[PDB]
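Pasted below: start-v7.tsv, TSV, C-alpha atoms.
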```tsv
chain	number	residue	atom	x	y	z
A	22	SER	CA	82.66	35.90	-54.99
A	23	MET	CA	86.02	35.62	-53.48
A	24	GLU	CA	85.46	31.81	-52.94
A	25	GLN	CA	84.84	31.41	-56.74
A	26	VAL	CA	88.06	33.23	-57.47
A	27	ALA	CA	90.02	31.03	-55.05
A	28	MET	CA	88.48	27.91	-56.67
A	29	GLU	CA	89.48	29.32	-60.06
A	30	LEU	CA	93.06	29.91	-58.94
A	31	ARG	CA	93.24	26.26	-57.66
A	32	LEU	CA	92.00	25.09	-61.15
A	33	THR	CA	94.58	27.27	-62.83
A	34	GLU	CA	97.33	25.85	-60.74
A	35	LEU	CA	96.15	22.25	-61.40
A	36	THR	CA	96.12	23.11	-65.10
A	37	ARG	CA	99.78	24.27	-64.78
A	38	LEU	CA	100.79	21.05	-63.09
A	39	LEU	CA	98.84	18.89	-65.65
A	40	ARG	CA	100.51	20.76	-68.47
A	41	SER	CA	103.93	19.77	-67.11
A	42	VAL	CA	102.64	16.16	-66.60
A	43	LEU	CA	101.35	16.12	-70.21
A	44	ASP	CA	104.67	17.29	-71.54
A	45	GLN	CA	106.56	14.70	-69.62
A	46	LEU	CA	104.20	11.88	-70.78
A	47	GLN	CA	104.34	13.01	-74.39
A	48	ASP	CA	108.17	12.85	-74.25
A	49	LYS	CA	107.75	9.15	-73.62
A	50	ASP	CA	106.22	8.89	-77.15
A	51	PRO	CA	109.12	9.97	-79.26
A	52	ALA	CA	107.67	8.35	-82.39
A	53	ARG	CA	104.58	10.64	-82.06
A	54	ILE	CA	102.33	7.63	-82.43
A	55	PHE	CA	99.81	9.13	-79.91
A	56	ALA	CA	100.15	12.78	-80.90
A	57	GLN	CA	97.05	13.10	-83.02
A	58	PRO	CA	93.60	11.48	-83.44
A	59	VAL	CA	93.49	8.29	-85.45
A	60	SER	CA	92.42	9.49	-88.91
A	61	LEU	CA	88.97	8.24	-89.96
A	62	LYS	CA	89.93	8.90	-93.57
A	63	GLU	CA	92.82	6.46	-93.17
A	64	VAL	CA	91.12	4.01	-90.69
A	65	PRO	CA	87.46	4.24	-91.77
A	66	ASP	CA	86.19	1.43	-89.49
A	67	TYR	CA	87.90	2.87	-86.37
A	68	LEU	CA	84.76	3.91	-84.48
A	69	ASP	CA	83.30	0.44	-84.98
A	70	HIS	CA	86.18	-0.78	-82.74
A	71	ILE	CA	86.94	2.12	-80.42
A	72	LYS	CA	84.07	3.98	-78.84
A	73	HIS	CA	86.01	6.76	-77.13
A	74	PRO	CA	89.08	7.75	-79.18
A	75	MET	CA	91.77	9.83	-77.45
A	76	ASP	CA	95.18	11.33	-78.31
A	77	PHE	CA	97.57	13.89	-76.86
A	78	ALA	CA	96.33	16.81	-79.04
A	79	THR	CA	92.75	16.22	-77.89
A	80	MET	CA	93.93	16.16	-74.27
A	81	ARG	CA	95.88	19.37	-74.76
A	82	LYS	CA	92.71	21.13	-76.09
A	83	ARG	CA	90.77	20.02	-73.02
A	84	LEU	CA	93.59	21.01	-70.71
A	85	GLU	CA	93.87	24.52	-72.14
A	86	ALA	CA	90.20	25.10	-71.69
A	87	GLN	CA	90.76	24.07	-68.03
A	88	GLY	CA	88.59	21.06	-68.65
A	89	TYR	CA	90.32	18.71	-66.21
A	90	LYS	CA	88.85	19.24	-62.68
A	91	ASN	CA	91.16	16.77	-60.98
A	92	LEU	CA	94.01	14.37	-61.79
A	93	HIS	CA	91.61	11.36	-62.09
A	94	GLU	CA	89.92	12.93	-65.13
A	95	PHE	CA	93.31	13.52	-66.80
A	96	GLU	CA	94.47	9.98	-66.07
A	97	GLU	CA	91.25	8.62	-67.51
A	98	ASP	CA	92.07	10.27	-70.90
A	99	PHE	CA	95.71	9.03	-70.75
A	100	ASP	CA	94.57	5.48	-70.07
A	101	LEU	CA	92.20	5.74	-73.07
A	102	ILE	CA	95.13	6.52	-75.37
A	103	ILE	CA	96.92	3.36	-74.16
A	104	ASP	CA	93.95	1.04	-73.83
A	105	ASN	CA	92.45	1.97	-77.24
A	106	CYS	CA	95.75	1.19	-78.91
A	107	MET	CA	96.25	-2.13	-77.16
A	108	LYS	CA	92.80	-3.31	-78.31
A	109	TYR	CA	92.92	-2.11	-81.96
A	110	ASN	CA	96.48	-3.24	-82.63
A	111	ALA	CA	97.95	-6.68	-82.12
A	112	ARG	CA	100.79	-7.50	-79.75
A	113	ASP	CA	103.34	-7.83	-82.56
A	114	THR	CA	102.92	-4.28	-83.82
A	115	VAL	CA	104.97	-1.11	-83.30
A	116	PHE	CA	101.76	0.59	-82.18
A	117	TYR	CA	100.96	-1.89	-79.37
A	118	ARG	CA	104.56	-1.94	-78.26
A	119	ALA	CA	104.69	1.90	-78.16
A	120	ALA	CA	101.64	1.92	-75.93
A	121	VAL	CA	103.20	-0.57	-73.48
A	122	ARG	CA	106.34	1.55	-73.23
A	123	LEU	CA	104.27	4.72	-72.76
A	124	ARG	CA	102.24	3.07	-70.00
A	125	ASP	CA	105.35	1.79	-68.21
A	126	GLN	CA	107.28	5.06	-68.43
A	127	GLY	CA	104.24	7.26	-67.73
A	128	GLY	CA	103.45	5.37	-64.49
A	129	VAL	CA	106.51	6.89	-62.85
A	130	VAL	CA	105.46	10.45	-63.82
A	131	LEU	CA	101.88	9.90	-62.67
A	132	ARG	CA	102.90	8.42	-59.32
A	133	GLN	CA	104.65	11.66	-58.36
A	134	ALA	CA	101.98	13.85	-59.93
A	135	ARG	CA	99.45	12.30	-57.55
A	136	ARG	CA	101.67	13.03	-54.54
A	137	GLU	CA	102.05	16.72	-55.74
A	138	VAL	CA	98.36	17.15	-56.32
A	139	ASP	CA	97.56	15.84	-52.78
A	140	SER	CA	100.57	17.61	-51.19
A	141	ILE	CA	99.86	21.14	-52.67
A	142	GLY	CA	96.07	20.42	-52.45
```

Reformat the file's structure so that it appears as structure tokens.
Amino acid sequence: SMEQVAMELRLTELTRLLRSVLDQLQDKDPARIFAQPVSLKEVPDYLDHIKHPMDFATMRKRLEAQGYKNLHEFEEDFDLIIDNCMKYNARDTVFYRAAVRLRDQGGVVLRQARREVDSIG
């Protein structure tokens, strides 16, 4: 139907906007600490601690399959990256500290993303 096509164009345009959001958030992680899944070869107990791992490569795979229906879903995955890290790692670690800085800097980006999503519809 034509309605289904219009819905699909809306999803495509959200995907475009979320790709720009993802790029801007990933720039806030210049150490690439959050770029890839935590390796279960290198951290064998990880899934005992963290039940829903997340990372920017995993998000990018979902994004490119148009698997984010709205901005809430995307933000959920970004918050997982941060929150997982802040539980597994202690406060005095480069990993924790990177996550705090990513949260703080990413907030700015996400605030305007939400306005753009609502504004453009």

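Atom to atom, atom CA of residue A:118 and atom CA of residue A:100 stand 14.9 Å apart.
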
| said: Set the distance at 8 Å and use only C-alpha atoms: which residues neighbour stretch 109-114 of chain A once local chain neighbours fewer than 3 positions away are removed? I'd like the list as number ranges by chain. | reply: A: 70-71, 105-106, 117-118

| said: If I take atom CA of residue A:42 and atom CA of residue A:128, how far is one from the other in Å, to one decimal? | reply: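 Rounded to one decimal, the two atoms are 11.0 Å apart.
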
| message | From (87.4, 14.9, -71.4), in the file's coordinates, out to 8 Å: which residues are reached, counting all atoms listed in the file? Answer as a ChimeraX atom specification. | response | /A:80,83,88-89,94-95,98

Next, the residues of the selection above should be written as a compact mmCIF listing (two decimals), in the frame of the given file with C-alpha atoms.
```txt
# COMPACT_ATOMS: atom_id res chain seq x y z
CA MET A 80 93.93 16.16 -74.27
CA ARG A 83 90.77 20.02 -73.02
CA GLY A 88 88.59 21.06 -68.65
CA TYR A 89 90.32 18.71 -66.21
CA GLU A 94 89.92 12.93 -65.13
CA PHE A 95 93.31 13.52 -66.80
CA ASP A 98 92.07 10.27 -70.90
```

| message | So that I can check the surroundings of stretch 54-57 of chain A, please list as a ChimeraX atom specification every protein, DNA and RNA residue that reaches within 6 Å of it, counting all atoms listed in the file and ignoring chain neighbours fewer than 2 positions away. | response | /A:52,76-78

| Between A:116, A:87, A:102, A:96, which one has atoms that come closest to residue A:33, using only C-alpha atoms? |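 Using only C-alpha atoms, the shortest distance to residue A:33 belongs to A:87.
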
| If you measure from atom CA of residue A:24 to atom CA of residue A:41, what distance in Å do you get, rounded to one decimal? | 26.2 Å

| request: Please write as a count of residues only the list of polymer residues whose atoms come within 12 Å of (104.7, 7.4, -71.0), counting all atoms listed in the file and keeping to the coordinates of the file. | output: 35

Could you give me the centre and size, in Å to one decimal, of an axis-aligned box around all listed atoms of stretch 64-67 of chain A with 8 Å added on every side, as lines of an AutoDock Vina configuration file?
```
center_x = 88.7
center_y = 2.8
center_z = -89.1
size_x = 20.9
size_y = 18.8
size_z = 21.4
```

| task | Kindly indicate which residue among A:61, A:107, A:27, A:38 lies nearest to residue A:141, using only C-alpha atoms for the distances. | result |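 Of the candidates, the smallest distance to residue A:141 is held by A:38.
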
| From the set A:81, A:90, A:40, A:135, which residue has the shortest atom-to-atom contact distance to residue A:28, counting only C-alpha atoms? | A:90

| Quick one: of A:60, A:108, A:69, A:138, who's nearest to residue A:32, counting all atoms listed in the file? | A:138

| query | Which residue out of A:82, A:72, A:62, A:37 has the minimum interatomic distance to residue A:104 when only C-alpha atoms are used? | reply |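 Of all the options, A:72 lies closest to residue A:104.
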